[PDB]
Structures are given as C-alpha cells and as structure tokens.
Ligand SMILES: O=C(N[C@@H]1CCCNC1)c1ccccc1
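The form solved without the named molecule is given below as one chain in structure tokens.
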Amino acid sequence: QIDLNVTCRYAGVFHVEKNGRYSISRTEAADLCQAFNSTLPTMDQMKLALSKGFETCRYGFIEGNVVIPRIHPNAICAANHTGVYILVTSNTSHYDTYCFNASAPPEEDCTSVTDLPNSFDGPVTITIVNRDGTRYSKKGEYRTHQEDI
C-alpha cells in the first residue's frame, strides 16, 4: 500500500506527500508526477502558484531544486522565510514532491483529486488522500526505477 496525500492546486501546482513522511527520491518524484499526468514544476510555475495562495511547510522537489513555498513567515517552516525558499544544505536525499498539471484551473482548485490517470499495471494499492479525507484507490504501480521499489 502507498498513500499519497495531495493538496489543492494553485495554477496547476500541488504538493504530494507519500506515507506521511519525507520519503520520495528525486527519481520517484518524477515518476509520481508522471502518474498524475503532471511534471515537476519549474521555478517560475512555483512562483506563480505561490502568488495565487500556495504555501506548505514541507520540503519538496521541483525541477532542479528542493523548495518550500512560503507566504506567511513561520519559524519552523523555512526558518521564517517567505517566497519560494530553496533548500541549500542538507545531508539527505528524500523529500516530498511538487507536481504541475497544465490542465488544472488557473487559480486555486480545492476539488478532490480522484485519479492517478497514468499509473500502470502493478500490485500496489495506491490511495490518493485529499485534505478533506476523501479517498480514491486503485491497484497499480508508478515507480519505474527498481532502486525506488
């Protein structure tokens, strides 16, 4: 079983956390976004999302970097920084991910995610968990690198 907690989309950008813990490698992140018919966001896509209301208190991959979007300063979320905070120094390699779906609405979309449209055949029960608790499950796989499995 894999549980994927997903946020609202902001100009197509959303956050995904796997199994309630920082647990996604950079290769898994890319695979996960693809399974959502999405891509790792660019910095510019993130910046537009943050301008529309997107913030989290989680490190996650984008294309090229690990970031936290911050609107309000909070001392335990990117050490009180605002903006798209870029992680500079870390020993470790596993984070959450962000994803970008170009077909999402242009502003804030807090409707539930109901589908992992490009997951492939496989043995895993994958459950999408929305913040309101609504869940969607399917049997499949999305990880293409053996080292991530």
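The numbering used is simple: start at 1 and walk along the sequence shown.
The same protein also has a form solved in complex with the named molecule, omitted here; what follows describes it.
Within 4.5 Å, heavy atoms only: does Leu40 come near the named molecule in the bound PDB entry?
Output for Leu40 is no: heavy atoms all beyond 4.5 Å of the named molecule.
In the bound PDB entry, does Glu63 have a heavy atom within 4.5 Å of the named molecule?
No, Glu63 sits far enough from the named molecule in the bound PDB entry that none of its heavy atoms falls within 4.5 Å.
Using heavy atoms and a 4.5 Å limit, would one call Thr27 a contact residue for the named molecule in the bound PDB entry?
No, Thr27 is distant from the partner.
Whether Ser112 contacts the named molecule in the bound PDB entry should be assessed with a 4.5 Å heavy atom distance threshold; does it?
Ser112 belongs to the contact set for the named molecule.
At a 4.5 angstroms cut-off on non-hydrogen atoms, which residues of 1 to 34 are near the named molecule in the bound PDB entry? List them in order.
Heavy-atom contacts within 4.5 Å come from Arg9, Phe14.
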